[PDB]
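Only one chain is included here, represented as structure tokens and corresponding to the form deposited in one PDB entry.
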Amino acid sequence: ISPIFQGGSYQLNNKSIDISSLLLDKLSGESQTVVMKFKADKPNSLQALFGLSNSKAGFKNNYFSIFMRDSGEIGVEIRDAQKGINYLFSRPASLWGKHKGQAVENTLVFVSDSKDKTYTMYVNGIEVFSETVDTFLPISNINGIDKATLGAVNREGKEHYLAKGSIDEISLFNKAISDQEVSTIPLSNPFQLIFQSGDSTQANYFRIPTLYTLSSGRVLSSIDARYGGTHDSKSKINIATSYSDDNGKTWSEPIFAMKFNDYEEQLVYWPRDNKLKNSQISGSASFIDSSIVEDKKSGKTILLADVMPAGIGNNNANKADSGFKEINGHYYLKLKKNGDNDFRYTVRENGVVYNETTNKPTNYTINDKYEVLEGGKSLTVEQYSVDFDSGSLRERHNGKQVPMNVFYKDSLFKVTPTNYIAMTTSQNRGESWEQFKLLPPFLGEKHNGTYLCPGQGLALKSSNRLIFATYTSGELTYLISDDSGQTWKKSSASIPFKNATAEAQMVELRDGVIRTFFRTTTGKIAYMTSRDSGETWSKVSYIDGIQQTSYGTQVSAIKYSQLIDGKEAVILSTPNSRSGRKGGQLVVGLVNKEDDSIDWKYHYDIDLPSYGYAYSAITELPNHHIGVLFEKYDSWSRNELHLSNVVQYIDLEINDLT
């Protein structure tokens, strides 16, 4: 259908534009669609892009508006005082501001549908809200409407919510266009989605992106596929992967590298209201925090992730037990059988479940998949599904049986409720993944395991050494293998922090010289250096010129392959901010060969200082461009939980950065 109104090249410089004569007498019926292509690289704190209002005295709360905040939030108000209706819908972190230093044209599609009593907002190809009401209010049917306005809302004859930006195109339709029709509206996105709502994972949310370039040129990515909102475990979370064989231009339909089946994989819209947003899937096993490395010698790709048994996360992680028992200098996974008050069982060699009280083996064994078998026959449990239909979250048996896994809540045998580390491999560069194995304890029997640093592992260029960084209280604990990850050893490196979330990433500055950048509690990114390929580690220093928050955020890093201003180059990706997770930057450092110090010379703003930027992953693509996959929102803020499609991918070239 044609538009009833179509206009453009409107400059909003804190002066509203009156289009009432053009538009108001065209509006008819109760369903409308607004399509609007706009820029705002210097928004005011709070501004309206489009307004429909009763401007008369005493009717200040009769208007429709499409508004944004300088935090990147978008929303609408639909108010009529006489009808006693005051509707506000919005979603934080829905906008782009800048890309490569040019203002981004955001494509906004708002559908006001009177038949379905539903308001739907799309921005840059992403539905950010869809709200159904019991009492629909057509944006046209607001009492006494007499003004149509761009860049403000006219209330009692005055400009409210004055805007700074521009509207390249605006069109209105006296129809609620279909989801199908919306999909055909052309976009001007600076970004790409690799993982997204409705893909093969069926997770509505995603966190903790990774990126790694394989020697064949294939680019690999892993991520937390988060089902129960964006909450850290406890929840249901699988690890998913996707690859690109064309320098990041297109990406495979994702598959799982790590998954549990105790709970169904469900696409669920998690409540964002204050009473309910902290609802948590509370009985599901899960993974969290993946890290990737490629082993030159075997050609295998290796992926590690944290593992958590049902119910269990960071809060209630057994911080006094590794979950293994030492016997004769060997480690065995402890088990608790349904009905005991203690862990009276171990998984010895060949999965054989073994009674520790009697030292007699049982008729039960554990297969490669951590599944339970009795006399060689495989036991099952009934799966759970979740729903908010009763008003609050319910976790209910769903009728489907799945193999009994010792990480599950309904399992006859259960592991110790603490965090573990799992490892899987792919022989086909991420077209499929093996069953994972648990890594052994490194810090000992009574020490609960370390925490994987998400992102990349490090493959030393001049040898077969593989290193995965992990953290725990008071130290980083690097995991080192020289035999394609068959066996691992630890290299501990003390840090001056207790209970720090010390997510660390490494770059190889030259052959045998590793620098690790890590998150702290001080507001500065820290670093340490190894010169013997990770055997031993320097004292901690800190970077000046970049700010993080007191709680800090993960930082991603690569050694760039090409000299810049004639010097070795490292690239860092991080929020640059002491207030929140925003102001994303790539920072380019030039190495000083006389002392391996780094001059941080170029700062590249991914988008506005006020727009969200959290965890990230960077990689040098085979064409020497830079790929960035990142949380484009504040993943710390309690106001920005459970947003869909905010992990986004962009392509940069070095000259953009400098």
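One-based numbering along the sequence shown.
Beyond the structure shown, there is the form solved in complex with a small molecule, which is absent from this document and is the topic of what follows.
Q: Closest heavy atom of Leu621 to the small molecule in the deposited complex, within 4.5 Å or not?
A: Yes.
Q: Would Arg578 count as a contact of the small molecule in the deposited complex, using a 4.5 angstroms cut-off between non-hydrogen atoms?
A: Flag for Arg578 set to no.
Q: Tell me, yes or no, whether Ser533 is in contact with the small molecule in the deposited complex, where a contact means a heavy atom of each within 4.5 Å.
A: Contact with the small molecule, no.
Q: Hey, in the deposited complex, is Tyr212 touching the small molecule, heavy atoms inside 4.5 Å?
A: Because a heavy atom of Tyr212 falls inside 4.5 Å of the small molecule in the deposited complex, the answer is yes.
Q: Quick one: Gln456, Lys461 and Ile558 and the small molecule in the deposited complex, is every residue within 4.5 Å by at least one heavy atom?
A: So, yes: the whole triplet contacts the small molecule.
Q: Within 4.5 angstroms, counting heavy atoms, which one of the listed stretches 622 to 630, 36 to 44, 56 to 64, 589 to 597 is next to the small molecule in the deposited complex?
A: Selected range: 622 to 630.
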